[PDB]
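Enquirer: I have a structure here, written as structure tokens, and I will follow up with some questions on it.
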Number of protein chains: 2
Amino acid sequence: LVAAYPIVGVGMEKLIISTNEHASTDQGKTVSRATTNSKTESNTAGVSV
Amino acid sequence: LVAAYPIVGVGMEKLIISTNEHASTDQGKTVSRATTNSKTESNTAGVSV
């Protein structure tokens with residue numbers, strides 16, 4: 001008169017999350033050297049009284 | 001005379017969207033030092049009356 005029957009169900013214990021990023025670090029160094037030359041030429045003229 | 005027959009259908013409750021982008025941020029520093037060592041040389045000549 002009674003029935004043969006299962007009843008199941010779940011229950012959560014814990015929930016874990018996780019993120020999604022993208023990190024990076026950069027480091028650099030710079031070395032440089034230069035040189036310069038020049039040759040100029042000029043003229044002047046004037047009058048006083 | 002009648003027939004055994006199911007009639008089903010759906011019904012909407014809510015709708016969710018979610019977009020897609022690519023955001024980024026950067027902060028940087030910079031430090032340097034330069035030197036210079038130089039030598040100059042000139043000549044002059046002139047006539048007055």
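Quick note on naming: the chains in the structure tokens go A, B, ... in the order shown, residues restart at 1 in each chain, and ligands are numbered from 1 in order of appearance.
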I'd like the superposed copy of chain B - fitted to chain A by least squares over all paired Cα atoms - as an mmCIF file with C-alpha atoms, in the first residue's frame.

Expert:
data_model
loop_
_atom_site.group_PDB
_atom_site.id
_atom_site.type_symbol
_atom_site.label_atom_id
_atom_site.label_comp_id
_atom_site.auth_asym_id
_atom_site.auth_seq_id
_atom_site.Cartn_x
_atom_site.Cartn_y
_atom_site.Cartn_z
ATOM 1 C CA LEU B 1 -0.236 -0.030 -0.397
ATOM 2 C CA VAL B 2 2.911 2.014 0.150
ATOM 3 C CA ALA B 3 5.299 2.729 -2.714
ATOM 4 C CA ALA B 4 9.021 2.228 -3.324
ATOM 5 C CA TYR B 5 10.370 5.699 -3.952
ATOM 6 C CA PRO B 6 13.576 7.745 -3.580
ATOM 7 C CA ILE B 7 13.693 11.430 -2.654
ATOM 8 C CA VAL B 8 17.033 13.191 -3.131
ATOM 9 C CA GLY B 9 18.335 16.735 -3.130
ATOM 10 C CA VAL B 10 21.476 18.822 -2.942
ATOM 11 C CA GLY B 11 23.062 21.163 -0.430
ATOM 12 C CA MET B 12 25.765 23.811 -0.749
ATOM 13 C CA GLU B 13 28.849 24.055 1.464
ATOM 14 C CA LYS B 14 31.107 26.667 -0.135
ATOM 15 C CA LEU B 15 31.547 28.797 -3.237
ATOM 16 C CA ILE B 16 34.824 29.912 -4.836
ATOM 17 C CA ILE B 17 35.386 32.625 -7.421
ATOM 18 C CA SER B 18 38.516 33.508 -9.380
ATOM 19 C CA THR B 19 39.042 36.553 -11.567
ATOM 20 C CA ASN B 20 41.028 37.177 -14.745
ATOM 21 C CA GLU B 21 43.604 39.871 -15.466
ATOM 22 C CA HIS B 22 46.799 40.463 -17.422
ATOM 23 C CA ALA B 23 49.584 42.057 -15.375
ATOM 24 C CA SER B 24 53.003 42.951 -16.727
ATOM 25 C CA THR B 25 56.223 44.643 -15.624
ATOM 26 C CA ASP B 26 59.166 46.072 -17.580
ATOM 27 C CA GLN B 27 62.554 47.553 -16.755
ATOM 28 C CA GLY B 28 64.779 49.027 -19.452
ATOM 29 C CA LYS B 29 68.081 50.834 -19.861
ATOM 30 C CA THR B 30 69.349 53.290 -22.451
ATOM 31 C CA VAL B 31 72.800 54.627 -23.382
ATOM 32 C CA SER B 32 73.832 57.021 -26.167
ATOM 33 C CA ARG B 33 76.402 59.573 -27.376
ATOM 34 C CA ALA B 34 76.166 62.547 -29.746
ATOM 35 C CA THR B 35 78.756 64.790 -31.400
ATOM 36 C CA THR B 36 78.663 68.212 -33.057
ATOM 37 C CA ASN B 37 81.195 70.099 -35.210
ATOM 38 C CA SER B 38 80.367 73.611 -36.342
ATOM 39 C CA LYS B 39 81.711 76.739 -38.039
ATOM 40 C CA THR B 40 80.396 80.314 -37.876
ATOM 41 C CA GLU B 41 81.260 83.465 -39.820
ATOM 42 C CA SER B 42 80.036 87.073 -39.587
ATOM 43 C CA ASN B 43 80.775 90.592 -40.846
ATOM 44 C CA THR B 44 80.113 94.020 -39.328
ATOM 45 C CA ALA B 45 80.026 97.611 -40.556
ATOM 46 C CA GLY B 46 79.017 100.884 -38.969
ATOM 47 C CA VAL B 47 79.275 104.663 -39.165
ATOM 48 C CA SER B 48 79.386 107.135 -36.290
ATOM 49 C CA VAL B 49 79.519 110.923 -36.128
#
